[PDB]
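First up is the structure itself, then whatever we jot down about it.
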Amino acid sequence: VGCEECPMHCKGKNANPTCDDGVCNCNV
């Protein structure tokens with residue numbers, strides 16, 4: 001719910017945008 005940090009991390013070769021709600025990660 002208080003998202004922002006979780007998807008940022010991914011940026012390590014490939015991945016990036018939004019958070020996808022509570023849950024979050026890489027995936028594209």
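Naming scheme: A, B, ... for chains in displayed order of the structure tokens; residues 1 onward per chain; ligands 1 onward as shown.
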**Report entry** Surrounding residues of residue 19 in chain A excluding itself and chain neighbours under 3 positions, 7 Å, only C-alpha atoms, as a ChimeraX atom specification
**Finding:** /A:3,7,24
Residues from last step as file, C-alpha atoms, as a PDB file, in the first residue's frame:
ATOM      1  CA  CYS A   3       4.756   1.491  -2.242  1.00  0.00           C
ATOM      2  CA  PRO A   7      10.147  -1.869  -7.678  1.00  0.00           C
ATOM      3  CA  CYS A  24       5.768  -5.607  -6.531  1.00  0.00           C
TER       4      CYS A  24
END
Query - Shell of 10 Å around residue 17 in chain A, only C-alpha atoms, local chain residues under 4 positions omitted, as an NGL selection string - result: :A and (7-8 or 10-11 or 25-28)
